[PDB]
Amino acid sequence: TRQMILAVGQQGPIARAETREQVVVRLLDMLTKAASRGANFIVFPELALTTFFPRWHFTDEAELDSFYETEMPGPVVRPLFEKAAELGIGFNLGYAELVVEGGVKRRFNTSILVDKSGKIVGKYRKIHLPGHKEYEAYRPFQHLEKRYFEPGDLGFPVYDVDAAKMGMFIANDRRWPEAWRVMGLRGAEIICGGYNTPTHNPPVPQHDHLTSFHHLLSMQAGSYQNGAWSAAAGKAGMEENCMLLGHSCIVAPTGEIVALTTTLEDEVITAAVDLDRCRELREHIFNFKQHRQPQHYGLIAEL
């Protein structure tokens, strides 16, 4: 009947000193709890293996490199893949990727989709890098993603994951209608990803109290307008003196929030997903082929 149970594994803070081994234990616990509640897939946060290091300015490259993965999975993360296969629960894992190509140390904010067999089905590299590239003194904490990562080079792909068409977004990406639309046009039935969203907005502090609103607004609108189920897993709580947004969620193709976290700690939420529900939108009010007039959208793709 094209049904499944989707889960989101929200993470509480990860300390700068907290080891990957310790984080994996936490991820394994949520994956196991999710499976016990019938979930067939669980979405984890953006950069879920470390503290959100872009908040600091690094002068030592070796120290910066320590936060990146040079292989996926390595011996430390391996246990998560083995448990996923064992319990038949796939997952979306976010991490910092370091790959040397043509003499260049390429750094990406990455996420991978692993199926219920523990196999990596697809990868995505964050295209919309927020923040800044140089240290900015007026900020109480930095957001140097433009400095520590380069824009993704895989576009916005949609993969077949256990008979479900899934697309990935990473944090800031969720706020751009273009990311959602490209994946919607590729037939995505589920669009998921994670995020590290501070509740304080240094550039525009007058928007601080709207942090939850803007995050949920983006998820609801993206789902509705593309007739896609969506899920966002945040890493929340007070991490290294910076409060991060919670409200991890699962959203229906109608834009209705069907599951929402209420704590700022490791938390699992689940929701029954019917892939055919996408038709209520994609065959009617949002029947792309019948209603879209692309000859008028050219400006969106102009360089």
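Counting begins at 1, following the sequence as shown.
On mean C-alpha B-factor from the PDB entry, just flag whether 202-210 or 225-233 is the higher one.
Mean B over CA atoms: larger for 202-210.
Would you determine, from the values in the PDB entry, which of 144-152 and 211-219 has the greater average C-alpha temperature factor?
Result of the comparison: 144-152.
Take the CA temperature factors straight from the PDB entry and tell me which of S117, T110, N92, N172 peaks.
Spelled out: the listed residue with the top C-alpha B-factor is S117.
Among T254, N241, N40, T270, single out the one with the highest C-alpha B factor in the record, please.
In this record, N241 carries the highest C-alpha B-factor of the candidates.
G131 by Cα B-factor - lowest, middle or highest third of the modelled chain:
For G131, whose C-alpha B-factor we compare with every modelled residue in the chain, the answer is the middle third.
Lowest, middle or highest third: where is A62 by C-alpha B factor in its chain?
Answer is highest: the recorded C-alpha B-factor places it there.
Among all modelled residues of this chain, ranked by Cα B factor, put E69 in the bottom, middle or top third, i.e. lowest, middle or highest.
For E69, the deposited C-alpha B-factor lands in the highest third.
Comparing against every modelled residue in the chain, figure out the third that the C-alpha B-factor of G9 lands in (lowest, middle or highest).
For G9, whose C-alpha B-factor we compare with every modelled residue in the chain, the answer is the lowest third.
Would you mind checking where the Cα B-factor of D276 ranks among the modelled residues of its chain, as the lowest, middle or highest third?
It falls in the top third of the chain.
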